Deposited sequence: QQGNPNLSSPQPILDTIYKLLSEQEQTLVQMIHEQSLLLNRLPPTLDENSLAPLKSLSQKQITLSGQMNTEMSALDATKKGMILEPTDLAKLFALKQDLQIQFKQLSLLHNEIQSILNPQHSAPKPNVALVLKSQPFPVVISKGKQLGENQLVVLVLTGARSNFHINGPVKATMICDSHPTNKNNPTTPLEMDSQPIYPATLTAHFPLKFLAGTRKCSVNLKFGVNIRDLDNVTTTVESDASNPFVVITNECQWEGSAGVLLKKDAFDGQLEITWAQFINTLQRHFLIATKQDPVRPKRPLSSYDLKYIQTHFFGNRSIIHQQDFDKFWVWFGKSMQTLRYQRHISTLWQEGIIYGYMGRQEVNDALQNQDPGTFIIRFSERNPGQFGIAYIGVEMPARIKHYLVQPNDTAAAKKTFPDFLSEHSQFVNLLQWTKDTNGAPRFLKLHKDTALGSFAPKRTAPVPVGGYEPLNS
């Protein structure tokens, strides 16, 4: 549960991709050129240049494999920080595409050199250049014009035509709706880039079931043979119709993305996935998040829900989500909590015995806010009381203190004299977030109760009012 710095493994692979990217550009050209310079009915010394290319392609393909494995070993074995995490996902995506492109080029050269190894049909491939999945989507939202892009890959020469537009299809492999969940599934193709953008409009909930989109188009061969070419499935996702389904759906989605048909995954594999989904829930920036799960949070999680083992099993998840899902529902929907938590105002994930030690003998009125370990989704303010001898006191904030969306958590806070100064979680010189005693009113700085008319002086005033 300690974020590392694979900064090397990844900046190394980043440069390779950019280089390979250009290698592929000059190769699609170099190849097509050789194909048009082929004497009708190949000899031998005709094929020296093709065999040399095939050779380079095979070697290149191998590098790509080593890269992939390296990337795959890193997610499964290292706990990556938000940035390194986001980068890995991007590098993996682009390497897969480069790999497929190189593949369609090799098949084409191989169709010539060693025929009879044909039948691979036309060299075409549909790939997802970019997608907004995974994510839990609210029924009725429509995707941006550049959020979901499909790209068509080809060899040097195209020995076929494309009929009709590219079509999107929603799939739920846990079957068996009775209508159409998507609007704007058919799109035409951009010529300069052979791309199709899909600003989808989600018209139906998924009934808390993971879902994937599939794309396909029809290709008409040079012999008038029509074949359909489809893409692999997109990352999973779910559509909900009310913020009541968020948890259940988000859980299903996370379990799926995390394990993906497996029973056991590595700890790193797990939190790397959780981390990603946590920033999506709290709607934070993936690369520079205001507040991502910290090393402390991860350890808290790893201790309270997992044997503290470096291997996580399928069923351990169910209990984890029963509680963790709730904490995330509150952060995602309860007014100002997300913001308050990201500020350091609400600490969050911390146990009893640790809150107590953190508050071991502080001037009375010192409180730290945190999640109740027994009442999932709710906060427990740990503060020091007035009565002597001063002892530590816990209070479970209830759906009535903030009840009536009118009044909000931050209001409730500034209404009780028992809560004087907060132990806020703030970052230091070396990024170091620590505990600095702000004053309830100072920290709640902007969520403060603005005043109208100035403070009264020489008379009497109402208490706490």
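**Prompt:** Given the full deposited sequence, which segments carry no C-alpha coordinates?
**Reply:** Sequence ranges with no C-alpha atoms are 1-4, 181-184.
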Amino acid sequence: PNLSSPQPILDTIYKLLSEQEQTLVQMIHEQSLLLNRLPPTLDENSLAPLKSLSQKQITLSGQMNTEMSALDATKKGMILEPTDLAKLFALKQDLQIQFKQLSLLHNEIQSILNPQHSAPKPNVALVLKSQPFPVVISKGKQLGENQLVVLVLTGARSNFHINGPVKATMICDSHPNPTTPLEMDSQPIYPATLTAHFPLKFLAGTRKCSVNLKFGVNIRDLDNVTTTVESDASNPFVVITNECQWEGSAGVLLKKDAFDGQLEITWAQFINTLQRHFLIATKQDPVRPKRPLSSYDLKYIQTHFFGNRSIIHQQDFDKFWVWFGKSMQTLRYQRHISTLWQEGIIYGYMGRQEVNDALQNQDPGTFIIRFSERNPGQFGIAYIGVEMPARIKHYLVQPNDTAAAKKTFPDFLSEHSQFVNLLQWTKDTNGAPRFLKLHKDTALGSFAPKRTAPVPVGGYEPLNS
From here on, numbers count along this sequence of modelled residues.
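**Higher-B stretch (mean Cα B-factor, as the entry records it), 100-108 or 238-246** = In the deposited entry, the stretch with the higher C-alpha B-factor mean is 238-246.
**Message:** Tell me which stretch, 192-200 or 313-321, has the higher mean Cα B-factor listed in the entry.
**Reply:** The recorded data point to 313-321.
**Item:** Which of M27, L60, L423, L38 ranks first by CA B-factor in the deposited coordinates
**Value:** When the deposited C-alpha B-factors of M27, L60, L423, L38 are compared, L38 is largest.
**Prompt:** Based on what the PDB entry reports, which of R288, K167, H117, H394 has the top C-alpha B-factor?
**Reply:** Checking the PDB record, the top C-alpha B-factor among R288, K167, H117, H394 is at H117.
**Asked** Of the three thirds of its chain by CA temperature factor, lowest, middle or highest, which one includes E230?
**Response** Lowest third - that is where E230 ends up once the chain's C-alpha B-factors are sorted.
**Request:** Name the third of the chain's ranked CA B-factors that contains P132, choosing lowest, middle or highest.
**Result:** Answer is lowest: the recorded C-alpha B-factor places it there.
**Asked** Going by the entry, which third of its chain does the Cα temperature factor of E21 land in?
**Response** Answer is lowest: the recorded C-alpha B-factor places it there.
**Asked** Lowest, middle or highest third: where is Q55 by Cα B-factor in its chain?
**Response** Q55: CA B-factor falls in the middle third of its chain.
**Asked** Comparing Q31 with the other modelled residues of its chain, is its CA B-factor in the lowest, middle or highest third?
**Response** Lowest third, going by the recorded CA B-factors of the chain.
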